[PDB]
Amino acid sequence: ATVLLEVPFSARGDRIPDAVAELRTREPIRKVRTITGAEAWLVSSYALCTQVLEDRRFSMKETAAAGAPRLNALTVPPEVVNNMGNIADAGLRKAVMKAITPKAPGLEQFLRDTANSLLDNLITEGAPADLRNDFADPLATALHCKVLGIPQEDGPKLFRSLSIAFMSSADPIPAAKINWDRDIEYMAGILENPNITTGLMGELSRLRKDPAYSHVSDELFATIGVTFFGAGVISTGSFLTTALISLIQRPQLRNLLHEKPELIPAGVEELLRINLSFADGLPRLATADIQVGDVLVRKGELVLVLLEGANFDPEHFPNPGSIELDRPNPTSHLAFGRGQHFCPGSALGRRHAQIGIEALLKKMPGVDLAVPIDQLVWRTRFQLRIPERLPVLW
């Protein structure tokens, strides 16, 4: 006798398990057990992943319901699971989205300057350098302070919540509430601070005092700041880190992008496609009985959309493990999700990675791992896959 197949499969973010292709072939929707002991349906083909993400009867909001089968414990108040819906209902969606594009004058130059300063510091200090803790994550943090309009010096403390806030735990996490409440208080203070006039928080601060938003709660305004800082920083820092591993392990590609930096956007799209940063499938709760492939999913059941299932599906992306800069369907990957909950930071995430990679290749064209790849330490029981340190030489 063997137990029901457990998820997640592996915390390693440098390779996809051979087992994913076998599951996709044999049983592209199949029952699994999550870390809480709940059962769920794991969906692993491009076709079925798209179907689930584009049918809102597979609900994000309802995953927060009391008594639902859970992927993991909430690390935010249950109403915050519906954050984007709350933003939309408040009439804030257009303004929030506009504030988090890469388009504000000076933003891209700020990114480039920041990346180059971080890299110059590493070069001065001498190899080895840790490209996660001393490049990708500080670049993400600096970017998001700028995007939010908050002081750069406040970034590190907000950043330090994230190793707990984005845990994927079987049980509630007391530290997550301590940090959440503190970070909310910080954002509430920002909204009251007359010096904060730019970025997302500057704009929210103005809208909060406009009559058209008089009955939008101060709680929601503060929540937008905490959620967007955290989601953006953890996702961009983690993606850039693991994209750098993918690049470093492909000297031919590294050299090509170094020689022809105009190809970096196409390279980043492929790096997004093959990215293993999301450690769990995206959760949804069925609100009706719905046929998904050979399975009739029942109302109240949990569905997990495995992004690397879709993104490595050879029926959609032939030779899926290879980075090919000339695919006919390059942005059709699910790295940013799909449907109602498609990532609102996608353009900013792309630009962060493009600029970070461009700067690194110019400054460190000889970049290579400084330890054997198996020596990287992969963070466990976390919503993202990342190496704790990324030691390189150049």
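Start at 1 and count along the sequence shown; that's the residue number.
Asks: Highest mean C-alpha temperature factor of the two stretches 283 to 291 and 121 to 129, which is it?
Replies: The recorded data point to 121 to 129.
Asks: Pick between 268 to 276 and 96 to 104: the one whose mean CA B-factor in the entry is higher.
Replies: Of 96 to 104 and 268 to 276, the stretch with the higher C-alpha B-factor average is 96 to 104.
Asks: Sorting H341, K61, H333, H352 by Cα temperature factor from the record, which one lands on top?
Replies: Of the candidates given, the C-alpha B-factor peaks at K61.
Asks: Using only the C-alpha B-factors in the record, can you name which of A47, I29, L361, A40 has the highest?
Replies: Result of the comparison over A47, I29, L361, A40: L361.
Asks: Comparing against every modelled residue in the chain, figure out the third that the C-alpha B-factor of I245 lands in (lowest, middle or highest).
Replies: For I245, the deposited C-alpha B-factor lands in the lowest third.
Asks: State the tercile, meaning the lowest, middle or highest third, of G345 with respect to the CA B-factors recorded for its chain.
Replies: Middle third by C-alpha B-factor.
Asks: Please place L376 in the lowest, middle or highest third of its chain by C-alpha B factor as given in the entry.
Replies: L376: CA B-factor falls in the lowest third of its chain.
Asks: Can you tell me which third, lowest, middle or highest, the CA B-factor of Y213 falls into for its chain?
Replies: CA B-factor rank for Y213: middle third.
Asks: Please rank the C-alpha B-factors of the chain's modelled residues and tell me whether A370 sits in the lowest, middle or highest third.
Replies: CA B-factor rank for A370: lowest third.
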